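For the sequence shown, PDB author numbering gives the first residue as 4, with consecutive numbering after it.
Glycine is no exception: its CB is placed at the ideal position from the N, C-alpha and C atoms.
A short worksheet on the structure shown next.
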Amino acid sequence: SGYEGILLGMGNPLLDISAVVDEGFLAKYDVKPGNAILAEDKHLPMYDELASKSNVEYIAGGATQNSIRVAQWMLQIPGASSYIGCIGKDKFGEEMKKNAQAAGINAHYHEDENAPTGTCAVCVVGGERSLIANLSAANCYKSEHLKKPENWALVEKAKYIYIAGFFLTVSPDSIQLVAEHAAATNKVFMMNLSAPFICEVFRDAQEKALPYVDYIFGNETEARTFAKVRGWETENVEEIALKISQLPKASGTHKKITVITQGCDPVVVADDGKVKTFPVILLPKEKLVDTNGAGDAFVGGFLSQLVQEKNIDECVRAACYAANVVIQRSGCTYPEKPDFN
Ligand SMILES: Nc1ncnc2c1ncn2[C@@H]1O[C@H](COP(=O)(O)OP(=O)(O)OP(=O)(O)OP(=O)(O)OP(=O)(O)OC[C@H]2O[C@@H](n3cnc4c(N)ncnc43)[C@H](O)[C@@H]2O)[C@@H](O)[C@H]1O
Ligand SMILES: [Cl-]
Ligand SMILES: [Cl-]
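Given below as structure tokens:
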């Protein structure tokens, strides 16, 4: 088939350890609700504390893995997706390999000899979660691994390449190597803003990669964080989307299209100097089960139609379908086959 390995993702493969907790649990580990952070030494016993709970759920996660997973599911073409990351030689790493084969992703996972597979605590309070990412083996990815002929073949075969902003903490040099290849080969390189701490702490790494980005995705909060960091005196998402697209580009082959989600409010898309708003699928609060992986599934649905050379209206329509499905189910899960027509 023509779509063989047409979409590649590179990131942090993390097994999510999710559980419903109370206010005291977050106060114990000093974690703010509805915010993502990287794990510190004080947060490490929390993983064993969550593992001991009766309501603990284990699901193969990681922002880029989730988006590639949802794109392959929406697309339904066998062998169309590829993924690159680092895992440990342990039970969680074998679960990561098992899940990727079931999902239909050609995941070339580099197995580190000493580090365990990365985990991510998803502490849930009401309808807001705190993510504490312990990258462990995921943080061991080197440009040396990407340059291996087995891994670099996936970069060359791909036409569309996606990397969540989270991977900028692990290897900005590996990101830059595939980004420079995509500019030189007129391919579609794309990224996510991922979290406010990526825009604030990793501002230099993100700024260096952005000129190579053809489709930048994000939510309203991380777009406002991005605007405040660059001194733009504006909170309006519509003005911020045009200002991001307006930034310099390493290659003028493609324009930069900025897609910003606003939860239940319309999707804002800056494209060729014009702002296009798209209302989302109306959903009652009783059916809204969990907003976990809503942003990652939105990117996945968008990528499924972008791969088939479809217009931006159909990319956003599939992005809303995929996110709508995921929010009505626990975590980033979906039915056997998609019903997008
Ligand atoms: N360091 C690290 N490295 C790698 N991975 C890491 C990591 N740290 C964490 N991760 C991974 O991250 C994952 C958890 O991420 P998670 O916290 O779930 O992020 P997300 O998937 O982006 O979900 P959010 O709740 O943040 O949504 P959003 O604000 O982006 O989107 P919006 O609400 O605008 O909504 C988007 C769309 O949803 C739909 N939608 C949302 N709300 C509604 C509504 N009320 N009604 C209708 N449609 C809605 C719409 O279509 C809308 O456009 C885990 O797998 C974990 O492993
Ligand atoms: Cl990632
Ligand atoms: Cl319990």
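With 7 Å as the limit, the residues whose C-beta approaches any heavy atom of ligand 2 more closely are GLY14, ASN15, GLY65, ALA66, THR67, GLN68, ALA167, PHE169, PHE170, in sequence along the chain. For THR336, no alpha helix (DSSP H) encloses it, and the DSSP letter there is neither H nor E. For a cut-off of 8 Å, the C-beta gap from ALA83 to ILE9 is around 5 Å, short enough to register as a contact. For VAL232, the closest alpha carbon among the candidates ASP207, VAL191, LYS94 is that of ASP207.
The stretch 33-47 makes no contact with the stretch 93-107; the number of CB pairs closer than 8 Å stays below 3.
By the Cβ criterion, the stretch 115-123 is in contact with the stretch 4-18, since at least three pairs of Cβ atoms, one from each stretch, lie closer than 8 Å. By the C-beta density criterion, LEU47 is exposed, having fewer than 16 other C-beta atoms within 10 angstroms.
The three-state reading of DSSP puts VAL240 in helix, counting H, G and I together. Counting only runs that start and end inside the stretch 160-226, the alpha helix (DSSP H) elements of at least 4 residues fall at 175-187, 199-203, 206-212. Ranking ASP19, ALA74, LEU29 by CA distance to the CA of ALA63 puts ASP19 first. In the three-state reduction of the DSSP assignment, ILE9 falls in the coil class. For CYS123, the pairing in a beta bridge is given by DSSP as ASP19, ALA136.
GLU131 and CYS267 have their C-alpha atoms roughly 15 Å apart. Contact between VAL240 and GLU225 does not hold, since their C-beta atoms are separated by about 11 Å, which reaches or exceeds 8 Å. About 5 Å separates the CB atoms of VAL191 and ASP217; that is less than 8 Å, so the two are in contact.
Within the same chain, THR228, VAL232 come within 7 Å of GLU203 by CB-CB distance, once the 5 residues on both sides are set aside.
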